[PDB]
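Chains as they are written, first to last, in PDB author numbering: chain ja, 2 to 262; chain gb, 1 to 119, 185 to 216; chain ba, 9 to 121.
Idealized CB from N, CA, C, for every residue including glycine.
Notes for the one structure printed next.
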Amino acid sequence: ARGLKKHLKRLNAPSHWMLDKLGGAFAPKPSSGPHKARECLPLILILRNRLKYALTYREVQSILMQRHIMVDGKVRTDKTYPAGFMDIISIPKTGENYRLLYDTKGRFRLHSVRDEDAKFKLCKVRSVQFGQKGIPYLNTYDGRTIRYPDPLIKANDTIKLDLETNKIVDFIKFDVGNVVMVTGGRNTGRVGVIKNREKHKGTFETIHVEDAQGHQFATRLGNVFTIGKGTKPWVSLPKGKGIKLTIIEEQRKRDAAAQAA
Amino acid sequence: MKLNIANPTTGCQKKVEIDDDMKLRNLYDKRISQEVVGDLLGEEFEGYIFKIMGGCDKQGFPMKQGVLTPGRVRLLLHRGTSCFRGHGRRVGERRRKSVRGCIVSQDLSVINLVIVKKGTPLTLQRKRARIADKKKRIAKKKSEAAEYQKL
Amino acid sequence: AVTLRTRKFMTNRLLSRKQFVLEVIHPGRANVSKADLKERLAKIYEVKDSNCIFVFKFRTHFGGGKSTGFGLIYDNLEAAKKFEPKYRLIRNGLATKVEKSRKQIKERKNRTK
RNA sequence: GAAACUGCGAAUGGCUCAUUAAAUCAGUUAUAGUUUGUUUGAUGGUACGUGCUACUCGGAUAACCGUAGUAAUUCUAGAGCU
RNA sequence: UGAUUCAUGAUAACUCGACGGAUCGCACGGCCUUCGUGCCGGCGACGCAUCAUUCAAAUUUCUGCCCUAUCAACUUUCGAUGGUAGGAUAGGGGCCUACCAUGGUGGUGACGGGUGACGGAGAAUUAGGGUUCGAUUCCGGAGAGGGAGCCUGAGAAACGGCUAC
Ligand SMILES: [Mg+2]
Ligand SMILES: [Mg+2]
Ligand SMILES: [Mg+2]
Ligand SMILES: [Mg+2]
Ligand SMILES: [Mg+2]
Ligand SMILES: [Mg+2]
Ligand SMILES: [Mg+2]
Ligand SMILES: [Mg+2]
Ligand SMILES: [Mg+2]
Ligand SMILES: [Mg+2]
Ligand SMILES: [Mg+2]
């Protein structure tokens, strides 16, 4: 082409949106934003698809034009704003809060929470480096750039981030022994504990992560995101506690729910 | 041949018809915006001096200042300069147009002629808003630039 | 005798309405009209005004004797004008429509001045 | 509020498969060898004053009025405003 | 950082500097210093500049494609393969220039010809192994009667833009 592309045809959309292949020719094209448009969920989907506060593309438009919806602390009018991992979606009119985290099946969930968990998010740092006049600052994987961090926060670490004062209020030093949620691949969502990290000079490094109930799996360092120091999380895990399972097991669970029903 | 007069001193313009060679011999063979003596044009223009400037012809192709021929040349003209006033033409567009030259000659049809000689609190609020907001960026600067210093 | 059954009901303050799926059971009847169905809903949700009721997409299942549909109730008529499709307002009589002539619609206007 | 000046867009989509045989292309790499309107986040002093804390406000152009040329068309000229 | 004379700092200067707000909304509502739209000071709309991010491209590594030898040599003066210095580009590079060397590919099929040949995801048939198809709605590319050259613009060698034949 001779420039950018502004359309997203439905069959080409990320599979984890669960859009239906006959519901129309196009999909919502994720606007440029803090998340990488293949690991995001736009606002249109959250309202009309999941929450069903709307029935059409135009109805979700109106809702934002009343400004009921706030994302990550700030009011967003954009229809296709790219919400992502560990954002907060809050509707003060209804008085509800959500974190965005993954199913074990690797799909975003709106995890309902109180106000006290809305005050903060978690972010992993992309890099820490000097800048104008040697003033230290850090990149996150959320687009954010925080200047003047602890000299302890190195690359790949994770930070607590108050949305009111906006600076680092805590940080986890990414290393072996903490709990992590995976944000890509076939293992995305699966939480567990770093058991080993083997590096390879000139390539990606592999993380070894084990479910609380024994099952062992591996990803590459890109798709890893520490939640808490040690076994305990610093956020509320979703409806399933990050433990992925065989197809037989959920078959057993239904009939086990179908013997009581 | 047909002449369209105007004056900036008052703001009135008028079209006349003349067809006499000797009344236009000192009209032929000259150029736009260079003054012409008025007396040749007749006995009822004395003291009046015209600045001859502009004119169109049979085929309607205007004179363009700066092209030295009683000809009809094909120039590449930008939308915004004289003799090209395209509307809705996608800025950056040009054309090769046909324009008569600025030498006043037999082949014009209308000559254009002009007469030279007749015969707050908002700004205050908004100004000091910025100044208070420039002074805070250095207020914020020092507020964190030394907290990290103690560390 | 008919029975009116609302399922998947949820009240949103964002568009200031309550939403649901209408199932209407109409034995003997060919189909219950939306005007007739308009009345029954107004008398089950106490709405004080029959015009903030909007229903559509009635399907009338195979075999006869049952129909689905969808219902919107607003609590304010002002709200029912801002957050409503302009044709669904027409279906309830709150507006009237017009037509076009596609020729001339802009093409010779673009040339004039 | 129409017109109009200004800003942005019209480089996406739609159509087709003519040329094209490691070429396009696919999986997989790289950019420490680059540009990147926009989004999101951060950031921003000094112009002259002999840095001893800011130093004053320009005409002219559309829509419009009006004279016109050309058979000619979002062809085109000149004057009066703002 | 796997790896940088890296990030970044200091210094000496250099530029006929792109820059560093003469812009626009509602809402009022604390209090005089001359009680003077009076000192304030808010939330915002647009805008300029650096870094990061995002939406992207541009090049780019490895491997992989049908038939044909009644196609065994092809490329190299005038870029063919490399070197050094430049020029140009957004940037690497014979991309182009000057000088230098004589290289580069080939029976593991170069080069050349055919294709009623865009490539893939796929399709028909299928015991298995296969054979044949793939213009077409998804992805990548290319073109707008045939060639070529451009303006604007962040982005086009654009054709529902221009210029020439
Ligand atoms: Mg979009
Ligand atoms: Mg296209
Ligand atoms: Mg910004
Ligand atoms: Mg060389
Ligand atoms: Mg070189
Ligand atoms: Mg072909
Ligand atoms: Mg064909
Ligand atoms: Mg044709
Ligand atoms: Mg093209
Ligand atoms: Mg072209
Ligand atoms: Mg056409």
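Close Cβ partners of residue 61 (chain gb) (< 7 angstroms) along its chain, the five nearest in sequence each way excluded: 72, 98, 99, 100
CA nearest to the CA of residue 222 (chain ja), picked from ja:126, ja:248, ja:97: ja:126
Terminal residues of the beta strand (DSSP E) in which residue 103 (chain ja) lies: 97 to 103
Where residue 209 (chain gb) meets chain ja, residues with beta-carbon distance less than 9 angstroms: 148, 149, 168
Pairwise C-alpha distance: residue 240 (chain ja) and residue 130 (chain ja): 38 angstroms
Residue from ja:158, ja:68, ja:21 with nearest C-alpha to residue 46 (chain ja): ja:21
Neighbourhood of residue 64 (chain gb) by C-beta, 8 angstroms cutoff - its chain only, sequence neighbours within 5 removed: 75, 82, 83, 99, 100, 101, 102
Whole-angstrom distance between residue 210 (chain ja) and residue 217 (chain ja), CA atom to CA atom: 6 angstroms
Short CB-CB distance (under 9 angstroms) between residue 21 (chain ba) and chain ja: yes
Environment of residue 95 (chain ba) [buried if 16+ CB atoms lie within 10 Å]: exposed
Closer than 9 angstroms to chain ja by CB, residue 90 (chain ba): yes
Contact check, residue 219 (chain ja) vs residue 208 (chain ja), beta carbons under 9 angstroms: yes
Within 9 angstroms, strictly: CB atoms of residue 51 (chain ja) and residue 111 (chain ja): yes
Delimiting residues of the alpha helix (DSSP H) encompassing residue 28 (chain gb): No alpha helix (DSSP H) holds residue 28 (chain gb); DSSP gives it neither H nor E.
Sheet register partners of residue 117 (chain gb) (DSSP bridge): gb:49
Residue-chain proximity (residue 59 (chain ja), chain ba), Cβ-Cβ < 9 angstroms: yes
Alpha-carbon to alpha-carbon, residue 138 (chain ja) and residue 147 (chain ja): 6 angstroms
Rounded straight-line distance, which links the Cα of residue 128 (chain ja) to that of residue 156 (chain ja): 5 angstroms
CB of residue 99 (chain ja) within 9 angstroms of CB of residue 114 (chain ja), strictly: yes
Boundaries of the alpha helix (DSSP H) in which residue 295 (chain ja) is found, first to last residue: Because chain ja here runs from 2 to 262, residue 295 (chain ja) falls outside it and cannot be looked at.
Where residue 213 (chain gb) meets chain ja, residues with beta-carbon distance less than 7 angstroms: 149
Whether residue 180 (chain ja) touches residue 191 (chain ja) by CB criterion (9 angstroms): no
Outcome for residue 29 (chain ja) when other beta-carbon atoms lying within 10 angstroms are tallied against a minimum of 16: buried
Beta-carbon contacts of residue 116 (chain gb) that lie in its chain and below 6 angstroms, excluding the five residues immediately before and after: 49, 51
Whole-angstrom C-beta distance between residue 90 (chain ja) and residue 72 (chain ja), which should lie under 8 angstroms: 6 angstroms
Residue 189 (chain gb): first and last residue of the uninterrupted beta strand (DSSP E) it sits in: No beta strand (DSSP E) holds residue 189 (chain gb); the alpha helix (DSSP H) holding it covers 186 to 210.
DSSP-derived helix/strand/coil call for residue 252 (chain ja): helix
Test: residue 36 (chain ja) CB closer than 9 angstroms to a CB of chain ba: no
Residue 49 (chain ba) beta carbon less than 9 angstroms from that of residue 40 (chain ba): no
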